[PDB]
K.L.:
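My structure is below; once you've seen it, I'll send some questions.
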Amino acid sequence: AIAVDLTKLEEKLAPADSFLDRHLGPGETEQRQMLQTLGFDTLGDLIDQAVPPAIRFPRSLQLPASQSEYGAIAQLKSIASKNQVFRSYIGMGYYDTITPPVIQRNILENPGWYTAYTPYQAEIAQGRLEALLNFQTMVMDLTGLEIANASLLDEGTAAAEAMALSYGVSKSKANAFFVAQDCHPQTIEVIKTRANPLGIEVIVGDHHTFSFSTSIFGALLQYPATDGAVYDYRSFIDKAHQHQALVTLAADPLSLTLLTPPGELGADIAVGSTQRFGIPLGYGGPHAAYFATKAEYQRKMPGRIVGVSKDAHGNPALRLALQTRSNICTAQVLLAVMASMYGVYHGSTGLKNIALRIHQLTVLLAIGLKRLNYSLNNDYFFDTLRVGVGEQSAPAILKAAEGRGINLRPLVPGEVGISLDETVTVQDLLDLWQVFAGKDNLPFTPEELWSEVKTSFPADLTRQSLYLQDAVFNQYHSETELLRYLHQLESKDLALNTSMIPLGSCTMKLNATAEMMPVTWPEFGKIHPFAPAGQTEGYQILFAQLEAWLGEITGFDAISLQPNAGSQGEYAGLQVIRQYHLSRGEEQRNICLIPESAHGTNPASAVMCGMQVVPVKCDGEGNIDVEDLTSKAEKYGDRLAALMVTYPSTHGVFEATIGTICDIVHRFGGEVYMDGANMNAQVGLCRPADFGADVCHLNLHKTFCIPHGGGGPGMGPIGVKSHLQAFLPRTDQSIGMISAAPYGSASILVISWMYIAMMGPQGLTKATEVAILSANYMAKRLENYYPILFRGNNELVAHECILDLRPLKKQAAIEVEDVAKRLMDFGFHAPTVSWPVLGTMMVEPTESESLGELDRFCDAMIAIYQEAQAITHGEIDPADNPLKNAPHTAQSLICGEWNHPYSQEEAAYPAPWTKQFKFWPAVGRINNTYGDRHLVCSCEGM
Amino acid sequence: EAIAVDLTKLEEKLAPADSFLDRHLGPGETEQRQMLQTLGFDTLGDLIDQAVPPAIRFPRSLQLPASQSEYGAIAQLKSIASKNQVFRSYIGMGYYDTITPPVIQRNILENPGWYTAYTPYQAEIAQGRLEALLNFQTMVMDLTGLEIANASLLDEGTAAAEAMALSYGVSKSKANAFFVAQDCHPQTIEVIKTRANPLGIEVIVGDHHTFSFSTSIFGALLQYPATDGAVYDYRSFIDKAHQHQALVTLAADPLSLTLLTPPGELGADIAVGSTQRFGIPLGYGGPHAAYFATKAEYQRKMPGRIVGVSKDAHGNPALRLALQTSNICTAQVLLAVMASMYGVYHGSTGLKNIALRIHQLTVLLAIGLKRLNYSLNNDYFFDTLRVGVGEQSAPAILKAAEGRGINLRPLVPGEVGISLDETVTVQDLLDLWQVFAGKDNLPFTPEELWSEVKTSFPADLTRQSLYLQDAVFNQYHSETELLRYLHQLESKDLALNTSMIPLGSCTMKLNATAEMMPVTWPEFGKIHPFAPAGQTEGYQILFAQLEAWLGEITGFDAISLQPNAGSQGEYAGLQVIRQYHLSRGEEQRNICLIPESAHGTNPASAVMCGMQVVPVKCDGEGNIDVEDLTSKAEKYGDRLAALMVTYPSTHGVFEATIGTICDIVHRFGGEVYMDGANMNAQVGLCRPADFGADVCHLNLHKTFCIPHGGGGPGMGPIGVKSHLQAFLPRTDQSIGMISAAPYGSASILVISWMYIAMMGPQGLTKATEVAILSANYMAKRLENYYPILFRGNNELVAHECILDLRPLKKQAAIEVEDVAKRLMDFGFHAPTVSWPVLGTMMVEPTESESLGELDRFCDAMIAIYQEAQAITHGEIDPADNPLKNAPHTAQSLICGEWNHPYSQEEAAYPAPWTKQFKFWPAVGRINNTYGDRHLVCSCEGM
């Protein structure tokens, strides 16, 4: 009414700063130029010919009008202010921690560290690869095990991965997995949810009293336990081995500075969270989980691993190793970088002092509580006490704590848990004692307790082995030293603050500063995921709005924000479809149709969901073969569970048959799952639910601006129709838990909230249309040099195109890898290489890159084409030329004798923009086969 | 408490926590012991006893709060900050809220790559900030319509005082009066009067309309728009002033100049103002870059620094500081960079739209206030209304406003001022109307007023000329584009995130992340400097603590935090001394003794203070000649105002005679002023007040961690003895105002508070001691290669040493400049060149740099020594060698023919560390003489 009058007044005013104009690369003049090149009169005409009219969304998205960056920040601040930052001593796998300011500013808030993606092009990712190598080394050192990966999603899913590995290397027919009842309860739920579709029996009970009478293939033990108790697990481990089972310890890595580590205990696998290595609570995440095991299991290791290899010059160089190896894809790289830098900055001595101090404060707390006549049940503990208070006092104690802004853990009636952490001071101790005392004057003085403190553990739990002894953990302890180390690593990596990284299937669009800013507000970053609901009302509002907006964008009736990667979204989606068929009394439906062009996460997820994968052929033009789909649907009619489809296709094509395809699947009793990684071609133009999908996931780290983080973090929320809503993961019928935290990595959800709020309905749709314009523009510019492999109706692509480089191989013996490395010399990260089609490149510019930048990339590809033609025409040595020898380091050009049939200038400055700004490749071409032959995954190798 | 001290004893029993001192210091205990052994001492304490004269050694610990961790100090400051209230201030008076584009906040203001280097003395490794400054000059020239502009001044009022001084210098008449319009901002008037006082300049303050020109003036200052908002046509006043041989300065709001006819077109001779509202936080006063623009004829008369376009050795364009009576040194570079990036990001169209919108909202506001029967006094305005409400209503309106978190400006009884700004929304106007209406239901609807708005100005005030038409202001409007432009410029510059910058007299120590963080908390950054005291209690506590702490460190009885540079500190100190002599009835005391080794700011400040400078000899050993001092003090006995002394000397030496020197000055009736730029050799070891200084300034941006900013911002607080306290600048006896804001750049004072709070008394003293250790270590390493020019008693230096490079000139025809450029090829910024002694380098490592870093720098100097020896010995051409051809760009090594008697590898990788990480000089050696000959100070030239 008045808001309406004001809104109308505001529209009369001179135009304010529109975030849309900062998010888009091409402005209106640049857009018109691109349309002229394509032969289209208007953007509307292009879009009307690209998107099949039938699936087209017939109206504007119903979303709030766009806000300025300033206004959206103000609105979110108001929301955030409703959260309450307590001192949470809840524990359960999340403990407050001090992020060193230098790491917060120069990594977490530095787009040089958070904008690149998975290190597919290793020669221009040595910086984050080194940080990941440090992460692996820290994990190996602390756990006492032989190999570790470059992170998993969270503790619970890492434990589930340990269950999967154990099942896979089992010698027996055992079908049961033992889970100690004192694992964190969310871990137990994640495990059960993963075991269910596989028919694995999960036995949950006291590890002291497990009979080994039912055969098990593995066991999971918590160290220290969820209630804080430290046990000697050696005899359990011995018996498990006698019964042909592997043992996984979920072990707190900070505690391992003091306690005998899994490796020395005889454990086969160790998992856990590195959250308390300086990563914000984040109301659940993101935090890098670790996974360590024996070298003999390396081929079964989930996720990615950094290995030390050598380059063309014989110099040490890092790369992702053993890539032939779970459905995990995007992981938690940025947070693994942060955790390893926490280890670098603190060193072995600093880390140990952090744990010692925590343990001393906990022992002191215990002594004081004993004097207050409370019962203390943990014989030994690291940071966590189990306190017997009685049913009558427990609620009153919890309430008194809350009165002082403190949360404790309700365990069982009459018992309360307290977990201390790096933030705890002696003043916090006093608060706790006064809360338990029920009065401020205590029967002891704090200092007098110290003489009674024994902080030692028994010999059989006392660690003697050293850790973090490599120079990297000792050399960078001044702030200035770490600043410089971070800077030198960062300078090796080509990220979005340098040039466009046109990775097909990845959507490397703008990660706007205003979107990133709220992630580190304490009101979002400092909340424990299991804090009482009364303290998290701001997050509640954030979730409700995001659920509504993503529901409107996808057309789905219900949204789950829990899954913390695309892979997890797919898995959650298939789990809900499975639960749906069971709810109908249709237990025999386990066939999952998957087109041959699908992302590899798809069939991996289906198999984890107990489904049998049946491939569906692609036709002559690369599209889903409808006849073949129909034939297979008919054949598996009684058993059809699902079709997993990506729209537009992984070929970058808008198939007009998508509706017909969904009808066929439904006709034969299946559900339709849509992989939503290509949603950047859809938003505002079409909605998955409207054309027949029953469920989809979204990659917020592709389409909705969560940064690529060097390979994580992501979020993979799912949308479902009403008939599936009852089965969504918990926040009688739920599938259980998919992620360890109820809302996964909640803190980063503010990024996508900010994007939607600043773009508004017209803005979001314009972004999609420009993403499509730019993809078609590059295809048009390059089509005479590299065949465009797949095109849709009207000869248009969607948001990405595939360039066929196979002719270059035939004509000049030039490999796709050669072109990828040569682009480095032009100052560019290669697009997606050899997926979904071997020997090709899939290029996705997104809407955020300017025409000048698109033209530079096209000009680079055209120059490389002309270099390849020189080889073809025999105008230069086919084995010794810039393509074969790329990337060219400065040292390779400047040092030693130059024996090539081309100039150093041709090598380093092959385009004029490189003489304005030169990005230097840090190492020469990395020998891939050598690194896999000789797996070296720790700093000892460098 | 009691209990508090008991918690302290307990905490001390715990395992050692992360201590900020160990992050601040470069060398740890092991490294310190190694350095001490090379010096022939066992302990640092024993070395310090020999370095500092026993007579002046502070005999106890500093009385300061015990050190806090980074986490604890942040928490303490946060609780202080929370006592400030962030209102919507429409106070105006030269400060207007503005939106700092998040991308600029994150990637410049919060990026140590932009804030850690200092003045661009070595242009070849500072092209990035030099370009940003060129953009700033261009922006100022375009908007003001004047021919030249500098690279920033300290604030608006001092810029106007600089304009007064320029006008005085060029006047040929006997005119002694300067006219200041009474509608200038009142703080501007007081700064002007304070500067005019010691020079005997008559300041006439009155209505410009009625100034008679009867009294001869040399200059006039007019405010545009006026402080009460009114926009006047100043052409006729300017014409009359010129007929009376006076220069006219307009203090002109640069945002308003997107709409209003600019000073140049009006006939103005000089334009000054603040660029604060180009996206710089209010900062409770600063820091903000002021501008100064004038006609080309007055170019050798311009205060401050200016960037000019020149060319390098290869003929390519390159920037440098050009044209090397004002005392200004450190300016506001970082904030000039921010303001220029605001111009780059918004462009001419964007800036104009921001101004148009503000003006439209202001016209809307006035129309509504009129409908409410209020009197609107400004015929024309930009953003500021003068509202007649009557004496009775004014207090109730101001209070109602405060009730909604709004500050208005009390002008005169019965009149209220309102200045709108970039943050203002239609919702804010509604609040304003309701506050003035005294109720929420208005007799009009917001939108219905729009038909009445006439936002045009008369033709004589309407700007037609264009601005910001250069490509740089058009090409970077997407966030991705600006991110990449910022990153490219940043990459050209060598800052503290790369390597040590051992600039003598500059103290390039750690600017710790924890110190920098609170600068951008809204509770510090978003407060108007003239907000009511009730809203700034957090700042009140901050100032009181900093004053107490700096008082304890210096031994002085009172501290003024107002002066916003070392130069301003010196000037404020001499003003207080002058006022002191006046208060005793001793008007004839105007002689200022100044040793010949003093920083050039010293005599400039003395002259601005109406004093006659008398030099004092420095002896053969480099020290103040006590016999000469005594003779000059005797000779000028009855006229002696002051001695300005630096301790330790500008030669880096603790003179044992300092106390005797002070006694002599006092004996002859003078005061002692100490230049405190070398306080990094003093903290905890001696105190100026204790050995006889009456007043000193501190450079917070040297000794106390405020970052160097690429050449600003700084703060120069002064400490005085009790007998001078009455005369301190205002926040019957005060000297008036030295800075435009009562606490200068208040927001950056949190940096020094954080440093002191985290270091504690032992930490601060250890820092001083390690700074002395490291300087001595370098001197010892280098002494057989480069003569150490001045040493104290016991053969030790203080915190810096002077390397004599003059023999190289005699032997090899090598200049200091050659060595400075060659260091670039080793990855180092040169130390201080040719000051205080021509042909030498003064090296100050500070305590924050590691032994490894100190050793790399010494090793580089030793390799250069050997390169010079090769020339001396005829082993390499004396004209064609790496010293003469430095710095070497990558392109000069890679492109074209290589015709040198040394290899490209010897040029680019002269030391092993350069093969681990190489910093590339962006340009070759810049031609200095050519640049000054052909002064080009705008983007037009490059």
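Chain identifiers are assigned alphabetically (A, B, ...) following the order of the sequence lines, protein sequences preceding nucleic acid strands; residue numbering begins at 1 within each chain.
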K.L.:
Please report the closest heavy-atom contact between A/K884 and A/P878, naming both atoms and the distance.
P.N.:
CG-O, 3.6 Å

K.L.:
For A/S850 and A/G25, indicate whether the former's side chain and the latter's backbone hold a donor-acceptor pair under 3.5 Å.
P.N.:
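Checking the backbone N and O of A/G25 against the side chain of A/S850, no donor-acceptor pair under 3.5 Å is found.
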
K.L.:
Could you give the distance from CG (A/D311) to OH (A/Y930), rounded to the nearest 0.5 Å?
P.N.:
12.0 Å

K.L.:
Any chance CZ of A/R325 has more than 12 other-residue heavy atoms, nucleotides or ligands included, within less than 6.0 Å?
P.N.:
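Atom CZ in A/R325 is packed in, count exceeds 12.
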
K.L.:
Is it true that B/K915 and B/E905 make a salt bridge, defined as a side-chain N closer than 4.0 Å to a carboxylate O?
P.N.:
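Answer for the salt bridge query: yes.
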
K.L.:
Under a plain distance cut-off of 3.5 Å, with no hydrogens placed, do A/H599 and A/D675 share a side-chain donor-acceptor pair?
P.N.:
no

K.L.:
Run the ring-ring contact (aromatic ring centres under 6.0 Å, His included) test against A/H900 and tell me which residues pass, sequence neighbours left out.
P.N.:
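Testing A/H900 for ring-ring contact (aromatic ring centres under 6.0 Å, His included), a comparison that skips the adjacent residues, returns A/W898, A/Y902.
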
K.L.:
For residues B/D493 and B/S491, is any side-chain donor paired with an opposing acceptor at under 3.5 Å?
P.N.:
no

K.L.:
Is the closest side-chain donor-acceptor distance between A/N680 and A/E847 under 3.5 Å?
P.N.:
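Yes, A/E847 and A/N680 have a side-chain donor paired with an acceptor closer than 3.5 Å.
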
K.L.:
Using a strict threshold of under 4.0 Å (side-chain N to carboxylate O), is an ion pair present between A/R319 and A/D932?
P.N.:
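Salt bridge flag = yes for A/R319 with A/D932.
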
K.L.:
Under 4.0 Å between a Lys/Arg side-chain N and an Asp/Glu carboxylate O for A/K809 and A/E817?
P.N.:
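Not counted as a salt bridge, because no side-chain N and carboxylate O are separated by less than 4.0 Å.
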
K.L.:
Does any donor atom in the side chain of A/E853 or A/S499 lie under 3.5 Å from an acceptor atom in the other side chain?
P.N.:
no

K.L.:
Which residue, A/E621, A/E800, A/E783, forms the salt bridge (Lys or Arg N to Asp or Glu O under 4.0 Å) with A/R791?
P.N.:
A/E783

K.L.:
If you count heavy atoms of other groups shown closer than 6.0 angstrom to OH of A/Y785, is the number above 12?
P.N.:
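Open: at most 12 neighbouring heavy atoms sit under 6.0 Å from OH of A/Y785.
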
K.L.:
Going by ring-ring contact (aromatic ring centres under 6.0 Å, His included), name the residues that satisfy it together with B/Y476, two or more places apart in sequence or in a different chain.
P.N.:
B/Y485

K.L.:
Taking ring-ring contact (aromatic ring centres under 6.0 Å, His included) as the definition, give me every residue that meets it alongside A/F857, ordered by chain and number, with sequence neighbours left out.
P.N.:
A/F828

K.L.:
side-chain contact (heavy atoms from CB on, under 4.5 Å) with B/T889: which residues, sequence neighbours excluded?
P.N.:
B/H314, B/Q891, B/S892

K.L.:
Would you say the side chain of A/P787 lies within less than 4.5 Å of the side chain of A/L789, judging by non-hydrogen atoms?
P.N.:
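A side-chain contact under 4.5 Å is absent here.
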
K.L.:
With sequence neighbours left out, what residues match B/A886 under side-chain contact (heavy atoms from CB on, under 4.5 Å)?
P.N.:
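Per chain and number, B/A886 pairs via side-chain contact (heavy atoms from CB on, under 4.5 Å) with B/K821, B/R822, B/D825, B/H888, B/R925.
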
K.L.:
Is a side-chain N or O of A/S774 found less than 3.5 angstrom from the main chain of A/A771, in a donor-acceptor match?
P.N.:
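Not a single qualifying donor-acceptor pair exists.
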
K.L.:
Indicate whether any N or O donor in one side chain lies under 3.5 Å from an N or O acceptor in the other, for A/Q136 and A/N149.
P.N.:
no

K.L.:
Among residues at least two apart in sequence or on other chains, which ones pass side-chain contact (heavy atoms from CB on, under 4.5 Å) with A/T118?
P.N.:
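A/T118: side-chain contact (heavy atoms from CB on, under 4.5 Å) contacts with A/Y120, A/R304, A/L320.
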
K.L.:
For A/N899 and A/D880, work out which heavy atoms get closest and say how close.
P.N.:
O-OD2, 3.6 Å

K.L.:
Distance-only, no hydrogens or angles: does the A/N699 side chain make a donor-acceptor pair with backbone N or O of A/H701 under 3.5 Å?
P.N.:
no

K.L.:
Within the side chain of A/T840, is there an N or O that forms a donor-acceptor pair under 3.5 Å with the backbone of A/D804?
P.N.:
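Judged by distance alone, no pair lies under 3.5 Å.
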
K.L.:
If every non-hydrogen atom of A/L782 is compared with every non-hydrogen atom of A/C858, which pair is closest and at what distance?
P.N.:
CD2-O, 3.7 Å

K.L.:
Hey, does the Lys NZ or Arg CZ of B/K918 hover above the aromatic six-ring of B/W920, less than 6.0 Å from the centre and inside 45° of the axis?
P.N.:
yes

